[PDB]
Each structure stands twice: as structure tokens, then as C-alpha cells.
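Colleague: Sending over a structure as C-alpha cells; questions will come in a sec.
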Amino acid sequence: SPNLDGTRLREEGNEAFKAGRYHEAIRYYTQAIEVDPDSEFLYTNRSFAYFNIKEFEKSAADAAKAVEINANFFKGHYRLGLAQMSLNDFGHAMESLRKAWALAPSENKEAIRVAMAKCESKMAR
Amino acid sequence: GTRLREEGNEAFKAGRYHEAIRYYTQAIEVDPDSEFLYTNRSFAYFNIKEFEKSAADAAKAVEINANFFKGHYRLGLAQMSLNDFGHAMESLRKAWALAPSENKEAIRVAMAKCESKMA
């Protein structure tokens with residue numbers, strides 16, 4: 001086998017993400033996921049990269065996988081809710097964001113609260 | 001270990017630099033061979049004004065991978081903050097030569113600030 005260092009690929013993905021090189025981040029995260037297929041962090045990071053290139057369905061799929069891997073990781077739910085909002089699924093997004101808010105560090109709650117306010121403004125009868 | 005690295009990266013993203021340092025320190029105890037961990041902890045130390053510790057970490061990153069531009073950049077920034085401008089300029093020239101195109105401007109600016117304090 002090509003025996004690949006998935007830790008290095010993950011950090012290369014992180015460096016690319018920091019630079020705005022989202023397509024490259026997606027490439028390196030995808031390679032890392034092949035080596036480390038049960039990381040909620042990898043799937044959330046790739047979800048964020050897909051969101052930043054307007055690939056909202058792929059972003060939601062990755063964030064949903066992060067939630068499968070660790071339903072108690074707030075960022076998976078947050079990324080899922082943001083992608084669901086961009087797909088106009090505000091009911092699903094509200095539930096995802098509610099779970100993210102409950103799990104989030106106090107540092108992160110305000111951004112989640114704001115996303116929920118935006119989501120509610122799009123909801124009607 | 002990998003999970004400690006992730007938690008450290010998440011802490012750094014949230015501005016919890018002291019917490020990032022703690023997680024990265026635990027990660028480095030498990031894995032002392034990552035230029036990324038040392039560079040990220042160097043950055044966290046710089047952000048809390050621990051410039052000597054920042055420089056020590058960045059130097060460890062350069063020792064592991066002398067071709068990683070970010071190790072030299074972090075080292076040069078810490079050396080500038082320690083008033084070691086000759087060392088800093090040599091580090092920043094190496095960072096420049098190794099850097100992606102999107103990072104060149106930041107390194108050029110650092111060198112401009114460095115040279116104003118020298119020659």
C-alpha cells in the first residue's frame with residue numbers, strides 16, 4: 001500500500017483552509033479522511049471548506065457525518081445548520097442550531113444565537 | 001494526541017490561546033516531531049506576548065522541517081519582538097523564499113519593519 005500520513009494531510013488541509021485555498025483544503029481533507037475516517041473534526045473542517053465554495057449540499061452531508069460520528073460536538077451541528085439555512089431548510093436548520101447552541105462553548109454561543117435569529121426571520125405560516 | 005491537536009486547533013480558532021497552548025503541549029508530549037504543532041504553539045505564545053517561548057517553538061519547527069515557511073516566519077516575528085533584528089531578517093528571508101504567493105506580502109512588510117531598526 002501507499003501508507004500515507006493522515007496527520008500531515010489534515011494539517012496541510014488546515015493550512016490551506018487558513019489561506020482561503022478551499023479547493024486544496026477539500027483535496028487534502030479528503031485524502032486524510034481516507035486514512036482517518038471517523039474524525040468529527042475532519043468532516044466538520046471539510047464541511048466548512050465546502051460551504052465556503054457554495055457547495056451547500058456537500059457541506060451539509062459532511063456536517064451530518066460529523067454529527068453521526070459525535071453528536072455532542074457542537075461544531076458539526078453548527079455547520080449542518082448553516083448549510084441547511086443556505087439550502088432553505090429553515091426548520092431543519094433551527095433544530096441543528098438549537099443543538100449546537102446547547103453544546104457550544106460560551107465563546108461561540110453568540111454566533112449561533114445570531115444564526116438562529118436569521119433562521120427564524122425566514123420562517124412563516 | 002491527534003484529538004489533542006484538534007482541540008488545540010479549535011481553541012486557537014476561538015482565541016483561547018492559553019487553552020491552545022495547554023492542548024498543544026499535551027499533543028507535543030505524545031508527538032514531538034510535528035513542525036505544525038510547534039508552529040501553532042509558537043503562534044499561540046506570540047499572541048500572549050511570550051516571545052521567548054514563541055521563538056523556541058518556532059526554532060523547533062525549523063529543526064524538524066527547515067523547508068516549512070511558517071516556522072521561519074513565526075521565528076522571525078518572535079526574534080523581531082525580542083529586538084534580534086539580524087536573526088529576524090535572516091529568518092524572514094528564508095520564509096520569503098519558501099512562502100506561497102499569498103504570504104509574500106506579510107513577509108515583505110515584516111522585513112520592512114525589521115530593516116527600519118537596523119542598518
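Naming scheme: A, B, ... for chains in displayed order of the C-alpha cells; residues 1 onward per chain; ligands 1 onward as shown.
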Please determine the contact residues of chain B with respect to chain A at a cut-off of 12 Å, counting only C-alpha atoms, and supply them as a PyMOL selection string.

Modeller: chain B and resi 1-16+31+33-37+39-40+68-70+99-103

Colleague: Take the residues just selected and output them with N, CA and C atoms as a short mmCIF file (atom, residue, chain, number, x, y, z; two decimals), in the first residue's frame.

Modeller:
data_model
loop_
_atom_site.label_atom_id
_atom_site.label_comp_id
_atom_site.auth_asym_id
_atom_site.auth_seq_id
_atom_site.Cartn_x
_atom_site.Cartn_y
_atom_site.Cartn_z
N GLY B 1 -4.16 12.62 21.25
CA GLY B 1 -2.95 13.06 20.56
C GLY B 1 -3.27 13.78 19.27
N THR B 2 -3.79 13.04 18.30
CA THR B 2 -4.47 13.69 17.18
C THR B 2 -5.68 14.47 17.68
N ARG B 3 -6.37 13.93 18.68
CA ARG B 3 -7.53 14.62 19.24
C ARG B 3 -7.09 15.84 20.05
N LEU B 4 -5.96 15.72 20.77
CA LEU B 4 -5.40 16.89 21.44
C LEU B 4 -5.00 17.97 20.44
N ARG B 5 -4.42 17.58 19.31
CA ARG B 5 -4.10 18.55 18.27
C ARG B 5 -5.36 19.26 17.77
N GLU B 6 -6.44 18.50 17.51
CA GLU B 6 -7.69 19.10 17.06
C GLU B 6 -8.23 20.08 18.07
N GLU B 7 -8.28 19.66 19.33
CA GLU B 7 -8.81 20.53 20.37
C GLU B 7 -7.97 21.79 20.47
N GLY B 8 -6.65 21.65 20.34
CA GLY B 8 -5.80 22.83 20.35
C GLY B 8 -6.09 23.74 19.18
N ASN B 9 -6.29 23.16 18.00
CA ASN B 9 -6.61 23.96 16.82
C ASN B 9 -7.94 24.67 16.98
N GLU B 10 -8.94 23.98 17.53
CA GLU B 10 -10.22 24.64 17.80
C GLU B 10 -10.07 25.75 18.83
N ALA B 11 -9.29 25.52 19.89
CA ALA B 11 -9.07 26.58 20.87
C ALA B 11 -8.39 27.78 20.24
N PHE B 12 -7.38 27.54 19.41
CA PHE B 12 -6.72 28.66 18.74
C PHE B 12 -7.71 29.43 17.87
N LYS B 13 -8.55 28.72 17.11
CA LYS B 13 -9.53 29.39 16.26
C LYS B 13 -10.47 30.28 17.07
N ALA B 14 -10.80 29.88 18.29
CA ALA B 14 -11.69 30.64 19.16
C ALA B 14 -10.98 31.72 19.97
N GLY B 15 -9.67 31.91 19.78
CA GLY B 15 -8.92 32.87 20.56
C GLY B 15 -8.56 32.44 21.96
N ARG B 16 -8.75 31.16 22.31
CA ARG B 16 -8.41 30.67 23.64
C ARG B 16 -6.95 30.23 23.64
N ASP B 31 3.64 13.56 20.51
CA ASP B 31 4.21 13.64 19.17
C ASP B 31 5.15 14.83 19.10
N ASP B 33 7.45 15.42 16.90
CA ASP B 33 8.06 15.50 15.58
C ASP B 33 7.22 16.28 14.56
N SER B 34 6.30 17.14 15.01
CA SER B 34 5.40 17.85 14.11
C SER B 34 5.79 19.32 14.02
N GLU B 35 6.22 19.75 12.83
CA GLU B 35 6.51 21.17 12.64
C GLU B 35 5.22 21.98 12.73
N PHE B 36 4.08 21.36 12.46
CA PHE B 36 2.81 22.08 12.58
C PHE B 36 2.47 22.37 14.03
N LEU B 37 2.63 21.38 14.92
CA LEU B 37 2.31 21.61 16.32
C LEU B 37 3.20 22.69 16.90
N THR B 39 4.80 25.07 15.31
CA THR B 39 4.49 26.38 14.74
C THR B 39 3.19 26.94 15.31
N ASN B 40 2.19 26.08 15.51
CA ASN B 40 0.93 26.55 16.07
C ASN B 40 1.09 26.97 17.52
N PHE B 68 9.71 24.43 5.83
CA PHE B 68 8.36 24.91 6.15
C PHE B 68 8.41 26.42 6.39
N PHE B 69 7.82 27.19 5.48
CA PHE B 69 7.99 28.65 5.56
C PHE B 69 7.46 29.22 6.87
N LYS B 70 6.38 28.64 7.41
CA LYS B 70 5.71 29.24 8.55
C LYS B 70 6.56 29.16 9.80
N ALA B 99 7.81 30.80 0.81
CA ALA B 99 6.42 31.11 1.07
C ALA B 99 5.54 30.95 -0.16
N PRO B 100 4.30 30.53 0.04
CA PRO B 100 3.28 30.65 -1.01
C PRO B 100 3.08 32.11 -1.39
N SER B 101 2.60 32.31 -2.62
CA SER B 101 2.42 33.66 -3.15
C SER B 101 1.54 34.51 -2.24
N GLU B 102 0.50 33.92 -1.66
CA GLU B 102 -0.42 34.69 -0.83
C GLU B 102 0.21 35.17 0.48
N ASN B 103 1.35 34.61 0.87
CA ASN B 103 2.01 35.00 2.12
C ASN B 103 3.15 35.99 1.91
#

Colleague: What's the 7 Å shell around residue 74 in chain A, counting only C-alpha atoms, without same-chain residues fewer than 3 positions away, as a count of residues only?

Modeller: 5

Colleague: Work out how far CA of residue 51 in chain B is from CA of residue 84 in chain B, in Å to one decimal.

Modeller: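 One can read the CA of residue 84 in chain B to CA of residue 51 in chain B distance as 11.3 Å.
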
Colleague: Compile the contact shell of residue 17 in chain A as an MDAnalysis selection string: residues with an atom at most 10 Å away, counting only C-alpha atoms, same-chain residues fewer than 5 positions apart removed.

Modeller: chainID A and resid 11:12 22:26 28:29 45:46 48:49 52

Colleague: Between CA of residue 51 in chain A and CA of residue 83 in chain A, what is the distance in Å, rounded to a tenth?

Modeller: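 Here the two named atoms are 6.8 Å from each other.
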
Colleague: Skipping near chain neighbours, those fewer than 3 positions away, what residues fall within 12 Å of residue 76 in chain B using only C-alpha atoms, listed as JSON, numbers by chain?

Modeller: {"B": [39, 42, 43, 46, 51, 52, 54, 55, 56, 57, 58, 59, 62, 69, 70, 71, 72, 73, 79, 80, 81, 82, 83, 84, 85, 86, 87, 88, 89, 90, 91, 92, 93, 94, 95, 96, 106, 107, 108, 110, 111, 113, 114]}

Colleague: Taking 3 positions as the minimum chain separation for residues in the same chain, which residues sit within 12 Å of residue 79 in chain A when counting only C-alpha atoms? Answer as number ranges by chain.

Modeller: A: 40-41, 43-52, 56-67, 73-76, 82-86, 93-94, 96-97, 99-101, 111-112, 115

Colleague: Looking only at helix (DSSP H, G or I) from DSSP on the backbone, list the matching residues of chain B as a ChimeraX atom specification.

Modeller: /B:2-13,17-30,35-47,51-64,69-81,85-98,101-116
